[PDB]
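Numbering (PDB author numbering), first residue to last: 671 to 713.
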């Protein structure tokens, strides 16, 4: 009734929200790295 991880919605909401935030930060870091790479790059 409540087991059936119905809250899978909740965990999905929870897991899904967390994953999106994680990707967003991860994407942002790489983007920044590429810019640093272009400037850091001597040559």
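From the three backbone atoms N, C-alpha and C, an ideal C-beta is built for every residue, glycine too.
Excluding five sequence neighbours on each side, which residues of the same chain lie with their C-beta closer than 7 Å to the C-beta of residue i?
i	result
residue 689	none
Taking the alpha helix (DSSP H) that residue i belongs to, which residues open and close that run?
i	result
residue 683	678 to 710
Beta-carbon of residue i versus every beta-carbon of chain D: anything under 8 Å?
i	result
residue 691	You won't find chain D in this structure, because it holds only one protein chain.
Give me, in chain order, the residues of the same chain whose beta-carbon lies closer than 6 Å to that of residue i; leave out the 5 immediate sequence neighbours on both sides.
i	result
residue 692	none
CB-CB under 8 Å to residue i, same chain, minus the five flanking residues each way: which ones, in chain order?
i	result
residue 699	none
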